[PDB]
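These notes are about the structure you will find just below.
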Amino acid sequence: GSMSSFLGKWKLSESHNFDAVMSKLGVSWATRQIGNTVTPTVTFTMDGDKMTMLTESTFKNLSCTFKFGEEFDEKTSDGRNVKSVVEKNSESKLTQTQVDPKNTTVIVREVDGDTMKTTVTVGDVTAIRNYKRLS
Ligand SMILES: CCCCCCCC/C=C\CCCCCCCC(=O)O
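Quick note: the sequence shown uses my numbering, first residue 78, plus one each step.
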């Protein structure tokens, strides 16, 4: 099936330069501190033309469901209403674009074996967050 390497659960293992990106996004001090501490678990399932990503943490539990190439409305974990689309780059890579009125966030997720690397870019600032596959 499609995106089969994404399927299952993933837990954040490492984060590099993430404060630079939320700072740039205008995220509140207090939510930024939570964002620099919590280690979420992310679950992907693929059900038809649709992928679902569930994010679970002590802060918030959050889900989104999408068709590739199809714009949709999203509220981010920090509370911003954004227009997003997720594009399929390959069976092992997808790119999510989130457009708020102040900024645009590009989130690339690429699976390589037991690592999902998530690259987050807002203008000229980039963060990389590595997730390990669970079980
Ligand atoms: C990883 C998101 C869950 C963290 C919740 C705490 C609040 C985070 C603040 C701003 C998030 C906006 C930046 C985009 C996050 C996606 C990155 C990812 O999947 O690891």
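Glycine is no exception: its CB is placed at the ideal position from the N, C-alpha and C atoms.
In the DSSP assignment, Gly190 forms no beta bridge with any residue. Distances from the CB of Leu102 to the heavy atoms of ligand 1 include at least one below 7 Å. Put simply, the region 85-95 does not touch the region 163-176. Fewer than three CB pairs are less than 8 Å apart.
In this structure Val115 is exposed. Its beta-carbon is surrounded by fewer than 16 other beta-carbon atoms within 10 angstroms. With respect to the C-alpha of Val159, the residue from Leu139, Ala204, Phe145, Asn180 having the closest C-alpha is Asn180. Annotated three-state conformation of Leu102 is helix, per DSSP. Every beta strand (DSSP E) of 3 residues or more that sits fully in the region 90-162 is shown, in chain order, as 118-124, 127-133, 138-143, 149-152. When secondary structure is reduced to three states using DSSP, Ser79 falls in the coil class, being assigned neither helix nor strand. Among the bridge pairs identified by DSSP, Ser167 is matched with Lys170. In the three-state scheme derived from DSSP, where H, G and I count as helix and E and B as strand, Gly85 is classed as strand.
Counting the other CB atoms within 10 Å of its CB gives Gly125 a total below 16, which places it among the exposed residues. Where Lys179 is concerned, there is no enclosing beta strand (DSSP E), because DSSP gives it neither an H nor an E. By the neighbour-count criterion, in which 16 or more other beta carbons inside 10 Å mark a residue as buried, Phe149 falls on the exposed side.
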